[PDB]
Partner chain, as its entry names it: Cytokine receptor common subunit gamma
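Here we start with a single chain on its own, the form deposited without the partner chain, put down as structure tokens.
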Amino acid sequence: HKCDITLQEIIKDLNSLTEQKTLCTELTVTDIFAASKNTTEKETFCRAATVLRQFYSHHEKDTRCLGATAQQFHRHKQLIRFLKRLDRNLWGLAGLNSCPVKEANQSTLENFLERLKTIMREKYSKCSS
């Protein structure tokens, strides 16, 4: 389970998500990476999945995000679709709903997703030769 291809599915969507630099991607999420980091792999997954579910739930219809042009709206819909898919994959790896997130610091979503991408690529690296 630890080195499952879900890791690739997550990294793919993080690569898609981090091309985006929009008003929406500068809105914030609770920075799970501001912890002095006392957490199992499964608990980190649960934490990331929680904050991202909060984000897409709160911003799927946010007028700062929805866009004026066709391209902006398309990019918003893509952002939300990729966040939901990333989130489904993170939950599947968490095996866990019960991970209280208590950090104060807020990160932009862009910075949070880049950090998560680094973490996931590191896990991938530790799985492979």
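Positions refer to the first chain, counted from 1.
Note on 53 to 61 vs 93 to 101: mean CA B-factor is higher in 93 to 101. Across the two stretches, 21 to 29 and 104 to 112, the PDB entry reports the greater mean Cα temperature factor for 21 to 29. Per the deposited record, 42 carries the highest C-alpha B-factor of all listed residues (74, 88, 81, 42). Residue 1: CA B factor lies in the highest third for its chain, per the PDB record.
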